[PDB]
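A.B. asks: Mind looking over this structure? Questions follow.
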Amino acid sequence: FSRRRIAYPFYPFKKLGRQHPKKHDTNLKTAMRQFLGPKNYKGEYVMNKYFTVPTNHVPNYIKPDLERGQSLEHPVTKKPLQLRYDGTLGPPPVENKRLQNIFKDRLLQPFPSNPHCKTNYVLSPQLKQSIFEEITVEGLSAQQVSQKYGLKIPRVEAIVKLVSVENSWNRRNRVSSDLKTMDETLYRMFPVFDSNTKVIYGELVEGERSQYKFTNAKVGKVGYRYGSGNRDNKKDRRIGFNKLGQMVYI
Amino acid sequence: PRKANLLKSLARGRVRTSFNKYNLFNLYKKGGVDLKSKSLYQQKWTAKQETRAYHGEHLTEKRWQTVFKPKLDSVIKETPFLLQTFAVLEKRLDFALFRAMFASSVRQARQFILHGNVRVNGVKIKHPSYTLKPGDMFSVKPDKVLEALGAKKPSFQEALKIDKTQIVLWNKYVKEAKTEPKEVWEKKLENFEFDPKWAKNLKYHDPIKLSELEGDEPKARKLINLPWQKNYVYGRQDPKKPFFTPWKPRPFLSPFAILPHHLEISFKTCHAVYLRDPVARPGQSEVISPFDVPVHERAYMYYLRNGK
Amino acid sequence: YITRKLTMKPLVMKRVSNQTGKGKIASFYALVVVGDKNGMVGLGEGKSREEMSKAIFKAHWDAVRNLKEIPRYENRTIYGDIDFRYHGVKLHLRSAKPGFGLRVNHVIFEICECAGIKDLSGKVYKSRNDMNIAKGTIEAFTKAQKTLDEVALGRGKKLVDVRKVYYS
Amino acid sequence: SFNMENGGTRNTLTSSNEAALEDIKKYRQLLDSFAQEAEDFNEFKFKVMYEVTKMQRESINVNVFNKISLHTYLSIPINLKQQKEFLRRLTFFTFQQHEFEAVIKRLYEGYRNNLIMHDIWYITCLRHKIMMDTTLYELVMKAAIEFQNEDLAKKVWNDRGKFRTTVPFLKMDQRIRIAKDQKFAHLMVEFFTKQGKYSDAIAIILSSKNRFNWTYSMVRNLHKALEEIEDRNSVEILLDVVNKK
RNA sequence: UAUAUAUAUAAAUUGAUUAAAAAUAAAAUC
Ligand SMILES: [Mg+2]
Ligand SMILES: [Mg+2]
């Protein structure tokens, strides 16, 4: 039996009571407000645990089940805070032992419902520099470095390319203070990883704007075939991108 | 593509590929998808709703059907084979931007692409549907990445009023410190866990007038001398940048900060490399999704038959 | 063990009448399947006059009682094809590649989901009654299926020999 | 030791410098006398072979001392993971054939026309030893794999290459020789796999693809350890070598 | 170099008197 079910919170929350007729409020909005907490004059929600990013290389992901739906905490002391019948946030009646009892992997699990999802580790900048020096300068092949550092070859090659771009930007100082701040912030939000054919180029006399290039090919294999299927007016219309990035019909 | 409408409605409670606060709450309160007391068709429909709200909301249904690949790829724990239902979308350029944390949404990444801020191997790509091959390197203009991962720049009026309030509270603090300095210092240490000149060093600030400061931002810049924001209106250190200029991470960023496996990211340069297509492995899937394997398999059975 | 690990799913829920002289008396039949998803499954049936809740209650106990181990190949599929006739239902079920869905009739879908059969493709011929489909499904799963180890031992052969050769 | 001594009846294993010197003198006399008498170097080898063989049997019981018991005895430390005991046992209870032949050639040229005392003591201590067959070499290769000693691996595949030249190897049939060489190649592949030198393992596989039939059962370790790092190129070439069939 | 800012008043469209919502939908701002 399927029913159009308004997505009310699974946890218990303080619902509406008798309301002024002109309030025009909904329970979902109250749940929103209780999840967030008071709104600062700056527009912030400091009371929430998720307003501010972490800074100790331990990602902070939503844990509504392990929190029983209580998502408010003191911004400084970081001790839990919960709503009260008085209407002012105050200390909980009892300790929530399950917030203390977090599995090692669940700390790295982004979404509660999907256990298989996990966040990759960020390589330390020193490790990136070490890989770049080992490959570019010493000459150790990507296989050797991957075996050395427990990494995959394509990741190693991507690291080399990115460190090349980083080197160029640092040479020109194209990096800005905002970019450095974002880099340092994001780096601290994630756990840190611990260690032939015949070709003829035709003659180009002066004033020619382009050069013919002839590639050898065999009859029965070269050409556009006659009676080929026309897919343009069909859903499987083939589309590609020219090297300029222009969309073309391939 | 689909015209965005009621994407973040709390009644519907569908999680979207976004860093928004409303999306955060919708993810928070959902718990898990309810597939119980439902026929097979109803289970498939619920799985479609939940999964298709996240993976490709913009894609048209009759377009997603054509894009959908009935044959998946997989390289003791159990392999989650059917989480790869939507792995085909992970090679699209906009999805790559969103997963690289170069945008706060797939739609925002789409606008970044369509507005010419994105390059793939050094050629400006203006088409969100461009598919990334393994080893491709794609980059975004750093200003747009900083805007995506930064707080909204306040208007002049909003930040001016915020400064008004900050002056009011700073004057309050120094007043109370002057009245009762010794225990003020001791109790401040109480949180941190006597020199009477301490309160003497602190200096008042003059309340500003909105009517007189309106429309004169260079004047307002000189008129503010708070200890923390010296000579700039709040959030507008350089008012010619697209973001909160004393660069501040956007609110509610920790919940959605997943580092993808298939991409290798360089935040300092706003570059990324597409290592591979996402592949399921024993006990882990590289398709970042908020739904469990049962939901994905129900969606997969739906799309195999096209709803039959 | 029983409550936390076993999952119960109703398969059949219906009203059956026994018209007595005074009037039409209506009772509630329920057929359920309980399986731990890890190689153990059972079916249960319940009949209650006053409310279906009691029918499902007794059905749950009966399913718990008949809970039996089910042969499984790689813990994801049947060992080989099963062609089975049960009281007018013809079940043709085929093992499948890893990653293959449960591309079967719905009743078989809940049975496989409960019993941990990840991979299967099947067709139901002749009568399509859900009752008979479920009963024959469990029967063909346990009687009509033989493990490769058991087959090899009965033939006095090593698993390396009995295993199929790869051709392409 | 008890079995080698026939329960203590034979006092061979216990030694003294007195016994060493006297036996060296005796075998000096015996061998330098026999050297001239033989017609040709081949016959002198035959006499030395007969002497050493009969000497081994009189020295210690033949039955308890053989390839099989020695294999188990040397296998004890490998499973128990002590290198020193294994090498001590291997040196005390084993001799390489090519080394013996070189020693006998040296003593042949010495008598016909401390190192000489060393060679006499060597021919004397042969009573304690059994020749290194292919199986024993493969066991020492397994020891190298278990202990991850590169020097031991290099020594053993040098000694196996030398042993290929000595006549006991060439006495065997061609298929047995090729099968044992394939086994040794597989052991080398395992060693270079576990050491993490994948390129050399792929090189060994590629060089001898035609001479040896490489099956996936042999290269499963290599294929796994390559897929862990995702070397799609090396995986592809290795799998093509295996499955070209 | 402080920072869980707090107090008041005023209003507050449709439906409804709470798990009944429309609705972050509008407007406004970047
Ligand atoms: Mg309906
Ligand atoms: Mg009204």
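Residue numbers (the authors' numbering), protein chains in the order written: chain 6, 27 to 221, 291 to 345; chain D, 2 to 76, 88 to 205, 372 to 486; chain E, 139 to 306; chain d, 577 to 689, 718 to 849.
Every residue gets a Cβ at the ideal spot worked out from N, C-alpha and C, and that includes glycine.
Could you pull out every residue in the same chain whose Cβ sits closer than 8 angstroms to the Cβ of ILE600 (chain d), ignoring the five residues on either side in sequence?
C.D. replies: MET721, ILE724, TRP725, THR728, listed in sequence order.
A.B. asks: Going by DSSP, what residue range makes up the beta strand (DSSP E) through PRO148 (chain E)?
C.D. replies: Unbroken beta strand (DSSP E) run through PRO148 (chain E): 145-157.
A.B. asks: Please find out if some non-hydrogen atom of ligand 1 comes closer than 7 angstroms to the beta-carbon of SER28 (chain 6).
C.D. replies: For ligand 1, at least one heavy atom lies less than 7 angstroms from the Cβ of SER28 (chain 6).
A.B. asks: Residues in the same chain with beta-carbon distance under 7 angstroms from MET776 (chain d), minus the five sequence neighbours each way, listed in chain order, please.
C.D. replies: Around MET776 (chain d): no qualifying Cβ.
A.B. asks: Please report the distance separating the alpha-carbon of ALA435 (chain D) from that of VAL179 (chain E).
C.D. replies: Answer to the nearest angstrom: the Cα atoms are 41 angstroms apart.
A.B. asks: With a threshold of 16 other CB atoms inside 10 Å of the CB of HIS50 (chain 6), please say whether the residue is buried or exposed.
C.D. replies: Its Cβ having fewer than 16 others within 10 Å, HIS50 (chain 6) is exposed.
A.B. asks: Express the C-alpha separation of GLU288 (chain E) and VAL303 (chain E) in angstroms, rounding to a whole number.
C.D. replies: Distance between the alpha carbons of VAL303 (chain E) and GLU288 (chain E) is about 19 angstroms.
A.B. asks: According to DSSP, is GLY173 (chain E) part of a helix, a strand, or is it coil?
C.D. replies: Here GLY173 (chain E) sits in strand by DSSP.
A.B. asks: Using beta carbons (cut-off 8 angstroms, strictly below), is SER467 (chain D) in contact with chain E?
C.D. replies: Chain E, which has no Cβ nearer than 8 angstroms to the Cβ of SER467 (chain D), makes this no.
A.B. asks: Expressed to the nearest angstrom, what Euclidean distance is found between the alpha-carbon atoms of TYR410 (chain D) and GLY63 (chain 6)?
C.D. replies: Cα to Cα, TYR410 (chain D) sits roughly 29 angstroms from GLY63 (chain 6).
A.B. asks: Taking 8 angstroms as the threshold (beta carbon to beta carbon), is residue 87 (chain D) in contact with chain 6?
C.D. replies: No coordinates exist for residue 87 (chain D); the numbering of chain D passes from 76 to 88 with nothing in between.
A.B. asks: Short check: CB of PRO217 (chain 6) to CB of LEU134 (chain 6), under 8 angstroms?
C.D. replies: Taking 8 angstroms as the Cβ cut-off, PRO217 (chain 6) and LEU134 (chain 6) qualify as a contacting pair.
A.B. asks: With distance defined between alpha-carbon atoms, name the residue in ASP394 (chain D), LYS418 (chain D), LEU36 (chain D) nearest to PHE469 (chain D).
C.D. replies: Among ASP394 (chain D), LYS418 (chain D), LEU36 (chain D), the Cα nearest to that of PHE469 (chain D) belongs to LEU36 (chain D).
A.B. asks: Just verifying my parser: in three-state terms, what is the DSSP assignment at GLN462 (chain D)?
C.D. replies: In this structure, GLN462 (chain D) counts as strand in the three-state DSSP scheme.
A.B. asks: Could you tell me whether any Cβ in chain D is nearer than 8 angstroms to the Cβ of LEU115 (chain 6)?
C.D. replies: Not one chain D Cβ lies under 8 angstroms of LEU115 (chain 6).
A.B. asks: The beta strand (DSSP E) with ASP331 (chain 6) in it runs from where to where?
C.D. replies: No beta strand (DSSP E) holds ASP331 (chain 6); DSSP gives it neither H nor E.
A.B. asks: Relative to the C-alpha of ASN637 (chain d), which residue among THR667 (chain d), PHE620 (chain d), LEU589 (chain d), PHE610 (chain d) is closest?
C.D. replies: The residue with the shortest Cα to Cα distance from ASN637 (chain d) is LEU589 (chain d).
A.B. asks: Using a Cβ-Cβ cut-off of less than 7 angstroms, list which residues of the segment 169-197 of chain 6 approach chain d; keep chain order.
C.D. replies: Taking 7 angstroms as the Cβ-Cβ cut-off against chain d, the residues of the segment 169-197 of chain 6 that qualify are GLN169, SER172, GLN173, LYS178, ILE179, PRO180.
A.B. asks: Could you check where the beta strand (DSSP E) with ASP155 (chain D) kicks off and where it finishes?
C.D. replies: First-last for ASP155 (chain D): 154-160, but that is the alpha helix (DSSP H), not the beta strand (DSSP E).
A.B. asks: Could I get the ranges of all uninterrupted beta strand (DSSP E) runs contained in the segment 76-138 of chain 6, with 3 residues as the minimum, in chain order?
C.D. replies: If we require 3 residues or more, the segment 76-138 of chain 6 turns out to have no beta strand (DSSP E) run fully inside it.
A.B. asks: Less than 8 angstroms between the C-beta atoms of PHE61 (chain 6) and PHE26 (chain D), yes or no?
C.D. replies: Result yes, Cβ atoms of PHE61 (chain 6) and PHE26 (chain D) sit closer than 8 angstroms.
A.B. asks: Since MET736 (chain d) contacts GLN673 (chain d) with CB under 8 angstroms, what's their CB separation in whole angstroms?
C.D. replies: Correct: roughly 6 angstroms between the Cβ atoms.
A.B. asks: With 8 angstroms set as the bound, which would you pick, yes or no: does the beta-carbon of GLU62 (chain D) sit closer than that to a beta-carbon of chain E?
C.D. replies: By this cut-off, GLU62 (chain D) is not an interface position.
A.B. asks: Quick one: which chain 6 residues come within Cβ less than 8 angstroms of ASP835 (chain d)?
C.D. replies: In chain order: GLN169, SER172, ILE179.
A.B. asks: Going along the chain, which residues of its own chain have a beta-carbon closer than 7 angstroms to the beta-carbon of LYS397 (chain D), five neighbours each way excluded?
C.D. replies: Once the five neighbours on either side are set aside, the close Cβ partners of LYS397 (chain D) are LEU391.
A.B. asks: Terminal residues of the continuous alpha helix (DSSP H) containing residue 692 (chain d)?
C.D. replies: Here chain d is numbered 689 followed immediately by 718, so the structure offers no position for residue 692 (chain d).
A.B. asks: Less than 8 angstroms between CB atoms is the rule here; does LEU212 (chain 6) satisfy it with respect to chain D?
C.D. replies: Closer than 8 angstroms: yes.
A.B. asks: Which runs of the alpha helix (DSSP H), 4 residues or longer, sit entirely within the segment 602-669 of chain d?
C.D. replies: Segments of the alpha helix (DSSP H) lying fully in the segment 602-669 of chain d: 617-635, 643-656, 659-669.
A.B. asks: With 8 angstroms as the limit, tell me which residues of the segment 796-830 of chain d have their beta carbon closer than that to any beta carbon of chain 6; keep them in chain order.
C.D. replies: From the segment 796-830 of chain d, only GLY800, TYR802, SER803 have a Cβ closer than 8 angstroms to chain 6.
A.B. asks: Under 8 angstroms between C-beta atoms, does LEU54 (chain 6) make it to chain D?
C.D. replies: Output row for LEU54 (chain 6): interface = yes.
A.B. asks: In whole angstroms, give me the CA-to-CA distance for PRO140 (chain D) and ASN325 (chain 6).
C.D. replies: C-alpha separation (whole angstroms): 26 angstroms.
A.B. asks: Going by DSSP in three states, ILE125 (chain D) sits in which element: helix, strand or coil?
C.D. replies: Residue state, collapsed to three classes: helix.
A.B. asks: Locate the alpha helix (DSSP H) running through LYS378 (chain D), then write down its first and last residues.
C.D. replies: Note, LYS378 (chain D): alpha helix (DSSP H), 375-379.
A.B. asks: Can you give the beta carbon distance from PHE336 (chain 6) to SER38 (chain D), rounded, assuming they're within the 8 angstroms contact cut?
C.D. replies: 48 angstroms between Cβ atoms; not a contact.
A.B. asks: State buried or exposed for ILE88 (chain D), treating a residue as buried only when at least 16 other CB atoms are found within 10 Å of its CB.
C.D. replies: Exposed, because fewer than 16 other Cβ atoms sit within 10 Å of the Cβ of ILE88 (chain D).
A.B. asks: Report the rounded CA-to-CA distance for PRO433 (chain D) versus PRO148 (chain E), giving the unit in angstroms.
C.D. replies: Distance between the alpha carbons of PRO433 (chain D) and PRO148 (chain E): 37 angstroms.
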